[PDB]
Amino acid sequence: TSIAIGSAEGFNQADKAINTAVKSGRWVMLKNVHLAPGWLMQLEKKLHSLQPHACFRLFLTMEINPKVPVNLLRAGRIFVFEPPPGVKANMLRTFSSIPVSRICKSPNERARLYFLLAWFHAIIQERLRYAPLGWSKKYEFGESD
Amino acid sequence: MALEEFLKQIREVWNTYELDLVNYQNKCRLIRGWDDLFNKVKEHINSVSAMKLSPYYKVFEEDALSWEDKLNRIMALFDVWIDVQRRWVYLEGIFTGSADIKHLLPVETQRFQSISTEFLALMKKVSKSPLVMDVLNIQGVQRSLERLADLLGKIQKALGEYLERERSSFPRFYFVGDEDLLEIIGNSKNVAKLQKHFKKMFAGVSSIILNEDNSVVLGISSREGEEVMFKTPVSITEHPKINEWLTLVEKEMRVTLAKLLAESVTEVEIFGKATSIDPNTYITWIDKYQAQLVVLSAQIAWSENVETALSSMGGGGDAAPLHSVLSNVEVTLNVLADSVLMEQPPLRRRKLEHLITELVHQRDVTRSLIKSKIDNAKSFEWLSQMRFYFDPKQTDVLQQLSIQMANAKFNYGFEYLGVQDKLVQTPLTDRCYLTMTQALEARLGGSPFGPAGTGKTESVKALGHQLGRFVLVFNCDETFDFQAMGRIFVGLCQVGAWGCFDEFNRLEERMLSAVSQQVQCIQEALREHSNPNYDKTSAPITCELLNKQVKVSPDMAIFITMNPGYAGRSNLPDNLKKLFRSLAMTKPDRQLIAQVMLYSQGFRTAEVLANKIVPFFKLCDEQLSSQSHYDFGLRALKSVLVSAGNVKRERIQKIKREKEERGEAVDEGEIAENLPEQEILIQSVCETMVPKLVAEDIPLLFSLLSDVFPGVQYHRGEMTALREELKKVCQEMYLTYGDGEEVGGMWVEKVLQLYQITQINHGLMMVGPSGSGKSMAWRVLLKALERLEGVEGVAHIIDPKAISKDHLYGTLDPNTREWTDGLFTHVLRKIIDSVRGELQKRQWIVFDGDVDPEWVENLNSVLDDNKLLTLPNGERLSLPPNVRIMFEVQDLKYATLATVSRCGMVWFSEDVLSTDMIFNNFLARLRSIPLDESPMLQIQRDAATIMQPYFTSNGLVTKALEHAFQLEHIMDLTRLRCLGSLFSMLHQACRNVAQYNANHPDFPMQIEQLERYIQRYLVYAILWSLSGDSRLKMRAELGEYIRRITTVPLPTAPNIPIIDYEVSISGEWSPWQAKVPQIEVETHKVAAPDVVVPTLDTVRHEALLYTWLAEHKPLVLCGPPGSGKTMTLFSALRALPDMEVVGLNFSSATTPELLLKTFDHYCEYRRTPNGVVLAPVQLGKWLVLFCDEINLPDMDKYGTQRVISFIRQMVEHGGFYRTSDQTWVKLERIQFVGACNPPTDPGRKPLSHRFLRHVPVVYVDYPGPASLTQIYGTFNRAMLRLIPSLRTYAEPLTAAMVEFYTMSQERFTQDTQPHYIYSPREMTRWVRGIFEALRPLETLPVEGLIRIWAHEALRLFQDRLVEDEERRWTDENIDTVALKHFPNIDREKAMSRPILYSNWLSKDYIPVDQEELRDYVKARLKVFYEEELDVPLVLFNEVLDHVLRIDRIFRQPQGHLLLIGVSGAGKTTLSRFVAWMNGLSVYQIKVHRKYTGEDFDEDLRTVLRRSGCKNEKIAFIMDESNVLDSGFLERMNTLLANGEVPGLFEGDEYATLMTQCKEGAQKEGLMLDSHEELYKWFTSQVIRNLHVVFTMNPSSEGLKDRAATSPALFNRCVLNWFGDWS
Amino acid sequence: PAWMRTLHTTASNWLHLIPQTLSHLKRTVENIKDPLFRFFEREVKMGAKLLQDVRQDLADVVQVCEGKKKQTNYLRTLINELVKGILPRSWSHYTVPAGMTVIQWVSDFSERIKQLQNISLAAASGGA
Ligand SMILES: Nc1ncnc2c1ncn2[C@@H]1O[C@H](COP(=O)(O)OP(=O)(O)OP(=O)(O)O)[C@@H](O)[C@H]1O
Ligand SMILES: Nc1ncnc2c1ncn2[C@@H]1O[C@H](COP(=O)(O)OP(=O)(O)O)[C@@H](O)[C@H]1O
Ligand SMILES: Nc1ncnc2c1ncn2[C@@H]1O[C@H](COP(=O)(O)OP(=O)(O)O)[C@@H](O)[C@H]1O
Ligand SMILES: Nc1ncnc2c1ncn2[C@@H]1O[C@H](COP(=O)(O)OP(=O)(O)O)[C@@H](O)[C@H]1O
Ligand SMILES: [Mg+2]
Ligand SMILES: [Mg+2]
């Protein structure tokens, strides 16, 4: 169950989804939780006094923001998502994200096109590291592109 | 006897005029002829009012006044009757035609039945006696309608959930407001009333065509008159209910257009791939079909020709028939170009313009295809083009047309678009089409982004109109929340309409994240349509919106347009951004847009004109100076280009009009040959660009014009007709009119320029410094147009920043989701509804106030070509053509390009309004308007002749004004603040002469004495009006400058400034010192709050305050805290009876609502025939609002103080808007006085120049050393009469007081600590403190006097000090000063360092030994432990001093304490212990995690009742931690200063308070029954009994910030720095 | 205070580096028709106003740091920026690279005024 956080109804839905999930092993993902720093503190206290199902997982999506409470950060395990360190890492991430059956369809030339796209996507993204020379501006070339 | 005839005519009209009755469905007899009734009543009301001016009105005064009452009563009744009858009609239809509502809402249905019974009963009475007078005499008919209106409104607001149910049955109702929907549902039989609502539910359907019966819908029509006739008409009889035949109309609109398209495609194919086109046949085909289908047919034919040509080129080397496709386009475009070179019908001409724009693009695409040697239909350069495939063999007519771009395929929606202006199809627009259609195929949203004026919104609509979709534009703001967006999505999804959300990043970031969930679920539903496995004969696709299953039409789409460069905007979360495909639209192709538009309008030299106009705009943006009101973007270019076509059409009409009276040589083809096309373009540029230019840019732009358009001259039309009316209106308004270089000529040009902008723009700004003539320019123009054109002009003036943005536009209820209109929304909706003929009048909505992006960007869709006010409830209000949106502002330093580019600009400079013009206006009014309410006018006229020489250009006043601007003033100096002050003072001088004539009925003042008085008073008035806000040195310097240049006789003293002289009524200079006697003050009034010792400054300031106050002119006293501003104002008010002062204490958090509570308590709102009037409750009294800190209220990030804008509105407009009912309220007998510290002081903001022009400022400085000696030497002489043996020491005691006070004021300043302010207030407390310690004493040695003097100095100067060094300095210099002025005294007995005074060991306040005091406090602490608080305390020396300091404050009236120190130092415990020793009850608010503002208000009521009604002495001890909200201190700031909170007791609380006050005052023996008298006694009890102790920790940032939030904490509370334990 | 003495030297030094004179271009009937004059007139007009404002603000800061005029709200805001080394927002009138500090702006502003003086000197002595 995926929930955006900003709405007042989102807070009510998040609590019900979490309460249902902790008794069934269901997964809950809450996105943009950095937009509600005050509610995040109350969620950390709620999670502390809880013994959910062994399969239950709670995912919190946020930007890297100083508003995120320290107490929540200590209670959870942090994973940083950022541009891949280089061309090799960028292209390996691309080939893992795209299912194999996607590339391996009937036209055999489809595989080389995806490689060219992966190389092109890596070169364009890596040039952003050179803020001014690679591109005049810091464009958000990303996964959607 | 002409007056008698008018009365006879009025009597005869109303003895026969009957309410015109019509049967309504055999139920009652409604009333028509509202226009006839209202105009007839207004006509007699004006005639009765006008005949009062006639001198013969006295004989018929009573009869005319009787008719004024009757006519006013007729207006008040039928203005309510019309709204009651209107509401009953559609409510009766709903509660009769839908039996389901009776079960759904039984309570409302029965309640409506009861009201519907009383309405029908009153209808039957009207039927018996339809005569208006008989209806007017029906008992309680006025109150019956008032109850009917209120009751019917409650039923209306109770049908909201029923309306939400009907919106599902016809989803286009989701875009209609609740009231309009009730009109639609309830009037389902009266179809003629449905016509005004179709523009809200349809893209281009403005009305429907009906048969004579109104039972069959024959077709639909657009706002321009274009009609679509249905192939199969829709019968309303066979489908009676509103939502089914409306659905059938929507379907027949789509089916008819598709059938009409097939017929059009058949004919247009003949024109395609044809060598020659006959214009008559082609024009016939254009006229036969609708504008949207004509362009659609042309696109279909061109696409199939290219497909045919590319198919033949399959071999590659085969000959190219693409040239024939180009050839056909060339031939067709030549016929279109020839057609627009001559006169055409307006609908056909626009159709021809659309075809030219379409074919120019087809010509460009075909040329690109030929140049690129494309020979295959599957080539991407052809697939990337937008193509149109038509299959006549397709069975479903709605799917015969397929629009394909790249891989994206679309069906045509066949929404009737009417005649929508098309965009020039530029390469940027081509790229926009490709990107957005890729997003549509991917079931993603489109996100065009870029700076303002790049075509983002128009391109989205153009693409939607290309696909035949209903495109809805929403001007988003922060009020578009999750619930509002979802409901809009529900309407969009079911209708199948496109949502273009502009300024989408103006939503809050939390709302953007929440909305992303709704956008995603719709997009998943959209992909279910695209699934080939899904079959149309199955369950409809549905997504979950707002916890409901909502059907999704495949045609709906979501688009967001944003300016990512605007600072302060919300950043979109990434999960939302992945749902949209973004395209940068940054550089519009201006030269192509200009070339195609000029070519489509018929300009033969369009290529030459486009190559000049587009670079010219580029040059203007760089060659001209930089101004915030300058725009040379695409909107400005588009405005000129559109105006160019309008100017070309009028010249052609003018040329042939000359030909009608000169021969019969109409040769239209040759008429276009000799047509100055360049001169036409220059006229459009000058009519649109010139009014925005500053003076030094005007020659620059004409040099640029000569550079790009050589030999082309601009000549304005000499508008004699308008200028004659303007000249007459100026005469009636005492204004100066000029022509050319005459006086007032520049201003008249700006009025004419403003008129030109009103004819080209529906939104315009008048920008210029305060006092530039902007207001008079549009007020005079509005009246002149009424006389010239016969159309009544109505102006609604709004101060947008004087109210909250919620009160300007409205609010959506968080829970009930009910919409309440704001001020602007209510005004615009009233004009659209046109209940009282507002659509036939010129309606100007003037936003007079500051412009900031927060509120004006809600008008982006209003000010652009959309002309729509979009509300978060989904409602869209169209701007009627008779409405102009105007913005009168002094600057645009916070407006963004988005706003500036969307509005016509007229720039006013301060040179436009010359000082000679202002002088003429003052003299003209002085010679015509009597000041008394003629012997008074005769005095003014003679005085005007005397003043006239000095008010000429380069006269005394002009030279004085120029010199004054060179001086330094406590506030910023503006021309109108000086002249406004100067004219008020001169009016008082005229009143002085009249008052003298009253004193001398025998010998009135002669001209020689009148001349002798006026000249000196004018000099006197000039000095105070131009330097009264400056220091003495600046006041002096203006004196010598006047002395050099004036010829008025002046005082001949060698070194006495002129400002030191008044003007006696005998026309002689008299020194102000003659009115400053050395008084002896009664010994019991020593340093009392009401006692003022006359000084040179006090008598001058009081006289100046008297003049401004007597004229009801708002004024501000400015000076350092404690300089005597309140003292001087209240002293002047004592000499001015019939004026009640009410003190308001502004803080940083003060809003207009503080003023409104004061109005609620002291004033009443009364309904008058001319509107609501707010007047003081007490009759015959002028109520003075005294604001003590008028420049503390918080300035927002856009430089605006809301309360200041509110006060400016009440002064300049004489009123304000009541936000509850959106009604203008007029003030009567209410004036304003301000007090403040200099704006350079911390926490103080400069006052707006638009507020200062009305408010003269007097500077009250601290009294000098000699003035202080005179003031407190008088007090010391009186107080030392208690002990006759101490009379000799009066002078040294005063000298020591002044010396130490001056030294302390220099030593400690606000730079070190924010509370280091020393003023004569300390001197007043110093004398009072000594006096209180001397009253019960029969005798005292001089050493005893010094000890009291030293003790009070420590309490007043040392107790606030923070540092030990500062306290050491104060302790040392007290000894130094005392021995300097008191030699031969025993130092030890008088200055022993432990100086302690107490009344605990005796009856009197006498010195106490430290050890004796320690034993007493231990003895009392023992009792305190057993009775109040068993917390043992260790007694050290500082505690003994502290408890004595707290004891002093609890024994003073309004004794408030500010205890500052570290937590746990005993501040609260000592306060409770001293409170228990003085008999004071301790009150502490019992805060908790859920303690809120209304909990604090109830707690405040409890304490005030006990101390105000029960005479209970209370120590209200409250800590800084108790302040859980800033609103807590706004209440305490008022309570500390005034002992009252104006809005704390309301409703039943006030009624209970009055009962308790009456009981409380009875126990005191006072005879009080009046509520006002009871409230004053209650305030006086709170003043003497309530003691507030404020405890806070030392925080440097917190303490400085604390002063602005609660200035009363630092000037009404005694501060004791307990600090930390030493 | 230590800041009061250090800021006094800096402001006095800046008044030495920054030039003091900038004469507006004399508008003439045939100078208005010259495009170069039209652009160059704008440069001095906006340049002269900025030059006077900065010099006046710096002179007030020096006088404040000598204890001769009382600190106003504007001076308190300006003095706080100068202590922190942030370029005052009032001084910012021509576009500059982001992250430019006040010490570089004063040197940059001084060079721009010198060029503005030479342009006006040529127009005054020699014509447009
Ligand atoms: N044409 C005129 N001839 C004579 N007096 C004029 C004329 N126009 C304005 N005035 C007077 O000069 C002053 C100008 O006030 P006006 O309201 O026109 O200025 P404004 O620029 O709209 O003001 P603000 O900036 O405060 O909104 C008023 O005292 C007005 O009576
Ligand atoms: N391709 C075009 N052809 C004609 N007029 C255009 C074109 N693009 C933009 N305009 C005009 O430019 C102005 C600004 O367009 P608009 O869509 O409001 O811009 P934005 O949404 O970027 O602020 C309008 O007058 C609009 O009609
Ligand atoms: N001529 C005077 N006669 C009596 N008191 C004076 C005189 N001049 C100054 N004062 C004292 O100066 C103080 C001014 O208080 P107030 O009028 O409230 O000041 P402000 O309005 O400037 O804050 C009072 O203590 C008042 O008694
Ligand atoms: N003079 C004192 N001797 C002993 N204990 C004290 C003394 N002053 C304060 N305390 C202790 O500190 C506590 C807090 O006192 P309180 O008046 O609430 O402090 P404050 O108002 O400075 O925060 C008291 O309850 C007491 O235990
Ligand atoms: Mg837009
Ligand atoms: Mg005005």
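Chain letters run A, B, ... following the sequence lines, proteins first, then strands; residues in each count from 1. Just so you know, ligand 1 is whichever comes first in the structure, and atom 1 is the first atom listed for that ligand. Below, all heavy atoms of this structure are taken into account, side chains as well, without hydrogens, waters or symmetry copies.
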- Would you call B:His1442 and B:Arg1445 a side-chain contact if the rule is heavy atoms closer than 4.5 Å? yes

- Between the candidates B:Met1323, B:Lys1125, B:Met1127, which shows the shortest non-hydrogen contact distance to atom 20 (P) of ligand 3? B:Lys1125

- B:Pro1432 and ligand 4 - part of the residue with a heavy-atom distance under 4.0 Å: backbone

- Item | Closest to atom 24 (C) of ligand 3 among B:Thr1324, B:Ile1317, B:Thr1274 (heavy-atom distance) | B:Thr1324

- For atom 1 (N) of ligand 4, the protein heavy atom that lies nearest, with its residue and separation: B:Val1434 O, 3.1 Å

- Task: Using the six-membered ring wherever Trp is involved, compare the ring planes of B:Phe617 and B:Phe632 and label them parallel, tilted or perpendicular (cut-offs 30° and 60°).
- Result: perpendicular

- Message: Residue-level breakdown please: for B:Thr457 versus ligand 2, do any non-hydrogen atoms fall below 4.0 Å on the side chain, on the backbone, on both, or on neither?
- Response: both

- For the ring pair B:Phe1186 and B:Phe1130, is the centre-to-centre distance below 6.0 Å? yes

- What residue and atom, counting heavy atoms only, is the protein's closest point to atom 12 (O) of ligand 4, and at what distance? B:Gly1464 O, 3.7 Å

- Item | Min N/O separation B:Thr426 to ligand 2 under 3.5 Å | no

- Task: Could you list which atoms of ligand 3 come closer than 4.0 Å to a heavy atom of B:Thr1098?
- Result: 1 (N)

- Taken to the nearest 0.5 Å, the spacing of B:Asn505 CG from B:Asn563 CG works out to 7.5 Å

- Side-chain ion pair, B:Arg1612 and B:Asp1188, N-O less than 4.0 Å: yes

- Query: Does B:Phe1186 have a non-hydrogen atom less than 4.0 Å from ligand 3?
  - Reply: no

- Look at ligand 3 and say whether B:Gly1122 reaches it with a heavy atom at a distance under 4.0 Å. yes

- Query: Which ligand 2 atoms does B:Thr429 reach within 4.0 Å, using its non-hydrogen atoms?
  - Reply: 1 (N)

- Task: Starting from atom 10 (N) of ligand 2, locate the nearest protein heavy atom and write down its residue, its atom name and how far away it is, to 0.1 Å.
- Result: B:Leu634 CD2, 3.7 Å

- Query: Looking at side-chain heavy atoms only, is the closest gap between B:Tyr1483 and B:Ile1485 below 4.5 Å?
  - Reply: yes

- Item | Element-labelled atoms of ligand 4 that are located less than 4.0 Å from some non-hydrogen atom of B:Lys1467 | 17 (O), 19 (O), 20 (P), 21 (O), 22 (O), 23 (O)

- Shortest protein heavy-atom distance from atom 22 (O) of ligand 2, along with the residue and atom involved: B:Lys456 NZ, 2.7 Å

- Is it true that the side chains of B:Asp1519 and B:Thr1591 contain a donor and an acceptor less than 3.5 Å apart? yes

- Message: Heavy atoms only: which of B:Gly455, B:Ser639, B:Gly453, B:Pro427 lies closest to atom 16 (P) of ligand 2?
- Response: B:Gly455

- Below 4.0 angstrom, N of the basic side chain to O of the carboxylate: do B:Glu458 and B:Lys638 qualify? no

- Query: Who's the nearest protein heavy-atom neighbour of atom 3 (N) of ligand 3, and how far?
  - Reply: B:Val1093 N, 2.8 Å

- Item | For B:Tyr1272, the ligand 3 atoms whose distance to one of its heavy atoms is below 4.0 Å | 10 (N), 11 (C)

- Quick check: does B:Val424 get an N/O under 3.5 Å from an N/O on ligand 2? yes

- re atom 6 (C) of ligand 2, the protein heavy-atom contact at minimum distance is B:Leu423 CD2, 3.4 Å

- Can you find an N or O of B:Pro1263 that's nearer than 3.5 Å to an N or O of ligand 3? no

- closest protein heavy atom to atom 14 (C) of ligand 2 is B:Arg635 NH1, 3.3 Å

- Item | Nearest non-hydrogen protein atom, atom 7 (C) of ligand 4 | B:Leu1433 CD2, 3.5 Å

- Message: Give me the residue, atom name and distance of the protein heavy atom closest to atom 15 (O) of ligand 4.
- Response: B:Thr1469 OG1, 3.4 Å

- Query: Quick check: does B:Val1092 get an N/O under 3.5 Å from an N/O on ligand 3?
  - Reply: no

- Name the closest protein heavy atom to atom 19 (O) of ligand 4, giving the residue it belongs to and the distance to 0.1 Å. B:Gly1466 N, 3.2 Å

- Can B:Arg1472 and B:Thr1469 be counted as having a side-chain donor-acceptor contact under 3.5 angstrom? no

- Please confirm whether B:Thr1468 comes within less than 3.5 Å of ligand 4 when only nitrogen or oxygen atoms on both sides are compared. yes

- Message: So is B:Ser1123 touching ligand 3 or not, going by heavy atoms under 4.0 Å?
- Response: yes

- Message: Please confirm whether B:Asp864 approaches ligand 2 to less than 4.0 Å, judged on its heavy atoms.
- Response: no

- Message: Taking B:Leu428's backbone N and O only, do any of them form a donor-acceptor pair with B:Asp589's side chain (distance below 3.5 Å, no angle check)?
- Response: yes

- Message: Measuring only between side-chain heavy atoms, which start at C-beta, is B:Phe504 closer than 4.5 Å to B:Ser447?
- Response: no

- What protein heavy atom is closest to atom 25 (O) of ligand 4, reported as residue, atom name and distance in Å? B:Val1431 CG1, 3.5 Å

- Task: Look up atom OG1 in B:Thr1294 and atom CD in B:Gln1270, then write down how far apart they are to the nearest 0.5 Å.
- Result: 10.5 Å

- Nitrogen or oxygen of B:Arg1321 less than 3.5 angstrom from that of ligand 3: yes

- Query: Can you list the atoms of ligand 2 that are under 4.0 Å from a heavy atom of B:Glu458?
  - Reply: 15 (O), 16 (P), 17 (O), 26 (C), 27 (O)

- Query: Using the benzene-type ring in the case of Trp, are the ring centres of B:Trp1326 and B:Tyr1272 under 6.0 Å apart?
  - Reply: no

- Message: Is there a polar contact, in the sense of an N or O pair closer than 3.5 Å, between B:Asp865 and ligand 2?
- Response: no

- What do you reckon, does B:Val1091 put a non-hydrogen atom under 4.0 Å from ligand 3? yes

- Query: Near B:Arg431 CZ, under 6.0 Å, is it more than 12 heavy atoms from other residues, nucleotides or ligands?
  - Reply: no

- Query: When you measure from the side chain of B:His1456 to the backbone N and O of B:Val1614, does any donor-acceptor pair fall under 3.5 Å?
  - Reply: no

- Short side-chain donor-acceptor distance under 3.5 Å, B:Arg1414 and B:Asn1437: yes

- Check each of B:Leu1117, B:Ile1271, B:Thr1126, B:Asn1237 against atom 21 (O) of ligand 3 and report the one with the nearest heavy atom. B:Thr1126

- Query: Is it the case that B:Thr457 and B:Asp502 place a side-chain donor and acceptor less than 3.5 Å from each other?
  - Reply: yes

- Message: Would B:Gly1461 count as a contact residue for ligand 4, given that I'm defining contact as a non-hydrogen atom of the residue lying under 4.0 Å from a ligand atom?
- Response: no

- Message: Check contact between B:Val1462 and ligand 4, using heavy atoms of the residue and a distance below 4.0 angstrom.
- Response: yes

- Message: Nearest 0.5 Å, please: how far is CG in B:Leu423 from CG in B:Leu463?
- Response: 10.5 Å

- Do B:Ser1595 and B:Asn1593 meet the criterion of a side-chain donor-acceptor pair at a distance under 3.5 Å? no

- Task: Run the numbers on B:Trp1476 and B:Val1482 for side-chain contact (heavy atoms from CB on, under 4.5 Å), then give the verdict.
- Result: CA-CA 8 Å; B:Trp1476 164 87; B:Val1482 166; over 6 Å; no

- Side-chain contact test, heavy atoms from C-beta onward, threshold under 4.5 Å: evaluate it for B:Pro448 versus B:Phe580 and give yes or no. no

- Message: Give me the nearest non-hydrogen protein atom to atom 27 (O) of ligand 2 as residue plus atom name, then the distance to 0.1 Å.
- Response: B:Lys638 NZ, 2.6 Å

- Item | Geometric N/O contact B:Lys422 with ligand 2, under 3.5 angstrom | no

